[PDB]
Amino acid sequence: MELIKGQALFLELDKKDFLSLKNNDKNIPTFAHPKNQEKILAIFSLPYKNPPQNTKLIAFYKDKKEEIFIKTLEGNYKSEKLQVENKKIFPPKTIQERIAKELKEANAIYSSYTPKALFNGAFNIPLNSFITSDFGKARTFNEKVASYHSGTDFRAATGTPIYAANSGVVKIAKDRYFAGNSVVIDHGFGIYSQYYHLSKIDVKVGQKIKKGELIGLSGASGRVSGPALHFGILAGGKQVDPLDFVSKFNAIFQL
């Protein structure tokens, strides 16, 4: 198979005699196929930054050991080189402490895997508006990706109501340094949706939330150039193309 870096892919495997799915040491979790009792699914994601050229996954069965090859594609992502440099980029120490703490909290959540589905049907778009900056937009320094856009921004005037893309459990609901007012929702199976730069948060950590339900109001908080809704998905432990993923997810999970 082939996959573009920064994308997720749904793997399908036989349910019976299946013991484990591995990439090197890493176990990859599995969940039931919703429409076929003899199948299981797994999600495999490539990082945007520093992917490997190729991936060899092994699915161990009682009497059998099948292999799976996935080649990394580049995609046609938007790319802006920086040759000028002059780089330093370090802030005060209690600000770095904030950045460090919020980062380790977020990884604790993103590492984690709820082994049941908290979602309900297909994902929705968090609001009915257009994209003003797509996932994958990169900044280059020396043929290396310095940074990239880890979600997709929708046009939204400050105060634009924002709805939950799917059901789940709210895991974050506070102002953070880079993301500003942010809500992160656990949908199960290590799938997290993200809603950043909000002007107002309408949910509490731990709170169960249904697809469609209001989560807050759009805003301009955090590292942004103006008011917009930043929408991201994390799955397979990686930030992935939000709209692509929604599209792949709904193909399996409608009804």
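Throughout, we count residues from 1 along the sequence that is shown. Note that the rigid core is defined as the largest set of C-alphas that superpose within 1.5 Å between two forms.
Relative to the shown model and aligned on the rigid core, the C-alphas in 8 other deposited structures of this protein deviate most, among 161 to 169 and 103 to 111, for 103 to 111. Once the rigid core is used to overlay the structures in 8 other deposited structures of this protein, the stretch among 215 to 223 and 199 to 207 whose CA atoms lie farther from this form is 215 to 223. Mean CA temperature factor is higher for 30 to 38 when stretches 193 to 201 and 30 to 38 are set side by side in the entry. Higher mean CA B-factor, judged across 99 to 107 and 143 to 151 from the recorded values: 143 to 151.
Of the candidates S225, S221, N50, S45, the PDB record gives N50 the highest C-alpha temperature factor. Note on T132, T158, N181, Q83: the highest value goes to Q83, judged by CA B factor as recorded.
Sort the chain's modelled residues by C-alpha temperature factor and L118 lands in the middle third, per the entry. Per-chain ranking of the deposited C-alpha B factor places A251 in the lowest third. When all modelled residues of the chain are sorted by CA temperature factor, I89 is found within the highest third. Placement of the Cα temperature factor of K174 within the chain: middle third of the modelled residues, per the deposited record. When the CA B factors of the chain's modelled residues are split into thirds, the value for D244 lands in the lowest one.
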